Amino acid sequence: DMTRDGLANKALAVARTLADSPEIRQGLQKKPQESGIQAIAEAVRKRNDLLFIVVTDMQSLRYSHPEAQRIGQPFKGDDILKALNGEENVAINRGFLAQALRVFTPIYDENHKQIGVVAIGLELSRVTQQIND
């Protein structure tokens, strides 16, 4: 399963990169519905062939989701919990979208105080597709 690890690492690289967005840092200061995070999360998701890119605050409220109606509501999945304590995590789970290989990384402000989490999922069925080849 070197293939799965590869996919999770790529997804983590995307998550880590987004964790450093100034606008997301700022937006995390705004209201979920008026962030600007949704727009960025969606373009990045498409280009890296991902199922979802969900940014949350420290209470797990979503700032982005492929289903816009979920912005402003709590993240679904206990796999985000380790990340709300400053640790990265990788798990297989599902919220409202398809079952997925999911990764999580913390978002920090300039003083390294945690302000949120970037959660990214890879559709499980797509992981099978990649393995086959």
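One rule holds for the numbers: they count along the sequence shown, beginning at 1.
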| query | finding |
| --- | --- |
| 70-78 versus 29-37 - greater average Cα B-factor per the deposited record | 29-37 |
| Per the entry, higher mean C-alpha B factor between 121-129 and 17-25 | 121-129 |
| Third of the chain, ranked by Cα B-factor, where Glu88 sits | lowest |
| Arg102 - which third its CA temperature factor falls in, relative to the rest of the chain | lowest |
